[PDB]
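Step one of this worksheet: look at the structure below.
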Amino acid sequence: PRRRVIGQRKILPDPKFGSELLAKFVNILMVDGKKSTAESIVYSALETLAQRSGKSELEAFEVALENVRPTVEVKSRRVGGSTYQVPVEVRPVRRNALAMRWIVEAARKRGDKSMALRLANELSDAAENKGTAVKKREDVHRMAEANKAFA
Amino acid sequence: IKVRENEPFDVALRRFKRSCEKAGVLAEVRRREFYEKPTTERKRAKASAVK
Amino acid sequence: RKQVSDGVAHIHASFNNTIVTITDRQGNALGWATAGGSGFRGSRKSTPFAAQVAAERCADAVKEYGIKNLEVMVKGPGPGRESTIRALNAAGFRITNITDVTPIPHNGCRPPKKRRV
RNA sequence: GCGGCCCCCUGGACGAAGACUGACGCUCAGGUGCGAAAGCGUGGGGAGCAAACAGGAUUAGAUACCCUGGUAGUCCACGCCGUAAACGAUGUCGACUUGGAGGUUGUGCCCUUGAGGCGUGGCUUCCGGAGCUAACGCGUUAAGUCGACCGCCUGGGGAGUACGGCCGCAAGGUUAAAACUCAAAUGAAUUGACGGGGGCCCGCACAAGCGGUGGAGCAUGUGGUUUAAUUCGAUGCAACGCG
Ligand SMILES: [Mg+2]
Ligand SMILES: [Mg+2]
Ligand SMILES: [Mg+2]
Ligand SMILES: [Mg+2]
Ligand SMILES: [Mg+2]
Ligand SMILES: [Mg+2]
Ligand SMILES: [Mg+2]
Ligand SMILES: [Mg+2]
Ligand SMILES: [Mg+2]
Ligand SMILES: [Mg+2]
Ligand SMILES: [Mg+2]
Ligand SMILES: [Mg+2]
Ligand SMILES: [Mg+2]
Ligand SMILES: [Mg+2]
Ligand SMILES: [Mg+2]
Ligand SMILES: [Mg+2]
Ligand SMILES: [Mg+2]
Ligand SMILES: [Mg+2]
Ligand SMILES: [Mg+2]
């Protein structure tokens, strides 16, 4: 907005696992307003990732999200002239949501078998740092530190 | 113009240059073409400075 | 090679570019660098960051240089005239005196006309 | 119009009292002199800047604004030119008319203790009373109340132009019409609107996101075209699944 402060309530924690981040991930991954399909797909991918990596269930995806989160983002700014890519500081929640969106879109663009396996593959290659989410992730880091004096 | 700071200068913080005019004279002089301008740049704000 | 053990860095900082050259007290240049040559061709070369990049790039490689204490002297209106020093001092040479030249003409040499844009 | 410092020559202004002349004054057509910048003639000088000119950009075009160079000129001496928004858009001289706050430069009395008190002149800035003014505003430095003389004005354009005279090397300067054409031109101020003026504020306005349209097939309306007729309306937002 422009005058009134806003803030959204907190979605319910993810069923059984109780992961608020996982509940937010199903929100982002949701399509056409169908939580059942999103929940089934996320659980299938989560168990596949856990059994493939030999890691636990809760933090197996936490590692990938930690390793695919950025630090600064370029904001199109033009005070006197044309557009300047001015990098800025990323808020905590904004960083988390941006990494989550990156993972979801990276899984979207794949074609391996189906969402259940594509999400697991994205998580694995994000843990390893050889995926496409990470490939897009390093771009902001390389484009940072361009124009500081401007604001 | 010159800095003579005491032995403890931390990371070489410029405290006396900052207090000095710094770019007082520099900014005063970096302008050009002082012929037809000054006749009209004259006070009249001093006049507006009043209760 | 020469092992001067002391020197002075002349910075020529303007609204268009910044130049930094290390020299001896007897006016003998050893190395130089410019923001334009530091991969900032365009509008960024006039920014303070490109000035410090050139400063550190010229200050690096102190092995063959041998200058331990490196005075500083700046000239012209720079991009703050302080970022280059902030990088150069941390480069390894301690700073004890900075002089500023900024030649101020005591009249004469009618400056160029104004730009009507 | 006049700004580094020093020397020589030289003009004017203001203050202290004292002495002297005794209306010797004010204004001024014609006349004479001075008169920014640009410009002209002769001879020097020429670092920077910069008409003209050349090139590179921008643009639909750009012989312009911008960038890179650059000649005359800008500087000096001696002559000429005599024009500026040469403006305070306010002729000179004299007298009278409530105040307040400053600057600059003299001078008198005093508990003089002080970067202090009390007075008296010259010049100068701002605000304001009566008055004046169409209004804006001026207001003891009047655009207030008066006196002396001079210069100038008589609708807008044509036109400060043509012819003639005078001046100038030239560029041009000065004096200065008529025919013709229009019913207006113009000054101050009020309300609104607008501004590639300023400030503050709001809206899914932007930004941050989701999903779309514009691509394909089909439904429907409209424009256009054709037809015997393709009935009549509706047309930027605010007509086009509208009557
Ligand atoms: Mg220039
Ligand atoms: Mg006369
Ligand atoms: Mg001249
Ligand atoms: Mg000449
Ligand atoms: Mg000559
Ligand atoms: Mg030019
Ligand atoms: Mg005249
Ligand atoms: Mg004048
Ligand atoms: Mg004037
Ligand atoms: Mg007049
Ligand atoms: Mg007044
Ligand atoms: Mg004439
Ligand atoms: Mg004539
Ligand atoms: Mg709303
Ligand atoms: Mg948007
Ligand atoms: Mg279509
Ligand atoms: Mg009808
Ligand atoms: Mg019809
Ligand atoms: Mg009709």
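In what follows, chains are A, B, ... by sequence order, proteins preceding strands, each numbered from 1. Heavy-atom basis, side chains included; hydrogens, waters and symmetry copies ignored.
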Pairing of C:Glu64 and C:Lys2 as salt bridge, 4.0 angstrom limit: no

Separation of the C1' atoms in D:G106 and D:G15, to the nearest angstrom: 5 Å

Dump the pairs, protein N or O against N or O of nucleotides 65-71 of chain D, anything under 3.5 Å, distances to one decimal.
from: D:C65; atom 1: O2'; to: C:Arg116; atom 2: O; distance (Å): 2.7
from: D:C66; atom 1: OP1; to: C:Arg116; atom 2: N; distance (Å): 3.3
from: D:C66; atom 1: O3'; to: C:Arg115; atom 2: NE; distance (Å): 3.1
from: D:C66; atom 1: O3'; to: C:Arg115; atom 2: NH2; distance (Å): 3.4
from: D:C66; atom 1: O2'; to: C:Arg115; atom 2: NH2; distance (Å): 3.4
from: D:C67; atom 1: OP1; to: C:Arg115; atom 2: NE; distance (Å): 3.0

Pseudorotation half of D:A50 (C1'-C2'-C3'-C4': positive north, negative south): north

Stacking status of neighbours D:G165 and D:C166 at 5.5 Å and 30°: yes

Where the chi angle of D:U32 falls, syn if within 90° of 0 and anti if not: anti

Close approaches to RNA chain D from residues 90-108 of chain A, in residue order (heavy atom, under 4.0 Å): A:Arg94, A:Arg101

Any residue meeting salt bridge (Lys or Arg N to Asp or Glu O under 4.0 Å) with C:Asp6, in chain and number order, not counting sequence neighbours: C:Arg25

Restricting both atoms to N or O, compile the protein contacts to nucleotides 202-205 of chain D shorter than 3.5 Å, with distance only.
from: D:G203; atom 1: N7; to: A:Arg2; atom 2: NH2; distance (Å): 2.3
from: D:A205; atom 1: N1; to: A:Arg2; atom 2: NH1; distance (Å): 2.9

N/O-N/O pairs, protein side and nucleotides 56-63 of chain D side, under 3.5 Å:
none

Main-chain N/O of B:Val3 paired with C:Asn97 side-chain donor or acceptor, under 3.5 Å: no

Set of residues satisfying ring-ring contact (aromatic ring centres under 6.0 Å, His included) with respect to A:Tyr84, sequence neighbours excluded: A:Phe150

